[PDB]
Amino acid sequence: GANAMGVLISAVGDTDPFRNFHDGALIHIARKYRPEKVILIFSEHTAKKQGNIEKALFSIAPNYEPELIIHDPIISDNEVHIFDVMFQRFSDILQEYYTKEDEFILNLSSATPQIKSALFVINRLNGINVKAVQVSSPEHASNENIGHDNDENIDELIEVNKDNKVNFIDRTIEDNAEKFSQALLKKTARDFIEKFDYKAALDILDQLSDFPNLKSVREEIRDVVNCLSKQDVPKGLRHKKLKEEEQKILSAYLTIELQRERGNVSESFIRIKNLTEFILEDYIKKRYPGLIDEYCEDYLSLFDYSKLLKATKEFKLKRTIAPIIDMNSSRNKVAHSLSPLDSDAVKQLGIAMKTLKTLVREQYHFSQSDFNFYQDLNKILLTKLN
């Protein structure tokens, strides 16, 4: 299609078009950047000045003929000062006019603070990141004790205006929102962490400008990410109170809970069988040395362990794993098939879950606190990320 035009989106305030022998923000940005289109957002208070605005814009240079879009509806005066209302209004306005194709400029220095705030914020909250320009006061200080030129003769203001030259003094400052963009990225990293997407959180942290806590937070998350992918035990779960296999059991269990939270239900069924199998092997090797080797004159399965628990009169434990044995058919669908699970097969996972937990709680005496590893880690990580 056609090539990009420069479009200046701007509101209008008491300092437009001119004040104190100088350009207001709107005219100054137009004068410097010469946009082809200018979308003008008025309020009831400022609409009376529409003609003087267009006169001022066509007064800049003789071959400068900007296309002036006068937005509709204008902004009601009893809304123009409310923060949250103007945020919505200028979200709506910016979605109405933004195009990927053109090259936009936001005037951050005309109208109420609630409108200027909204423009500054939305530019980055919605990731359009167009050019955002402030215009300094010519006082380079408070405009206290400096009046408004709105009741004056427009043609005079145009003539006396000190910016009415080719070599005007540039009072424009471009915003790049470096610090604010970091806060938005950190917010995303925190959102990811709360929901246990540690890999996605780590991707954000690798692209962050440095600050004190950044390297330890990144180091803590990397170890979690790396170990979990390799199906290892993160350093944080290698409690010295626990034997090595207890650490593997505790971590493998907590990973299925993470898996459940993230909606990976079908993958849970293979993990529950493997963990239960590992726990039973561990229990039988510890309690009946040489039993498994005798049996193995034939990898053992839940069914083999069930027989061994009968042979050893381990009758409570035999009933404990019965719900996990029931979901054997569904585990088979996720392990040797592409057939889908029904909603009943799903609800099993909740039952096996409550069972798995009472199992590991009973055999290894994990505390409520031990089960809370990732929640408690998140707490500390989040505070370290502002």
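When you see a residue number, it is the position in the sequence shown, counting from 1.
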Problem set entry | Gap size, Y299 back to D298 (deposited sequence, no coordinates) | 4 to 9
Exercise. Looking at the deposited entry, does 82-90 or 268-276 carry the larger mean Cα B-factor?
Worked result: 268-276
For this session: Using the B-factors recorded in the PDB entry, average over the C-alpha atoms of 172-180 and of 209-217, then report which stretch comes out higher.
Result: 209-217
Seminar exercise, completed: Reading the B-factor column for Cα atoms of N126, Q95, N145, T255, the highest value belongs to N145
Exercise. Within this chain, which third does the Cα B-factor at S117 fall in: lowest, middle or highest?
Worked result: lowest
Exercise. Compared with the other modelled residues in the chain, in which third is the CA B-factor of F18?
Worked result: middle
Problem set entry | Relative C-alpha B-factor of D370, binned into the chain's lowest, middle or highest third | middle
Problem set entry | Third of the chain, ranked by Cα B-factor, where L382 sits | lowest
Exercise. What third of its chain's C-alpha B-factors does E156 belong to: lowest, middle or highest?
Worked result: highest
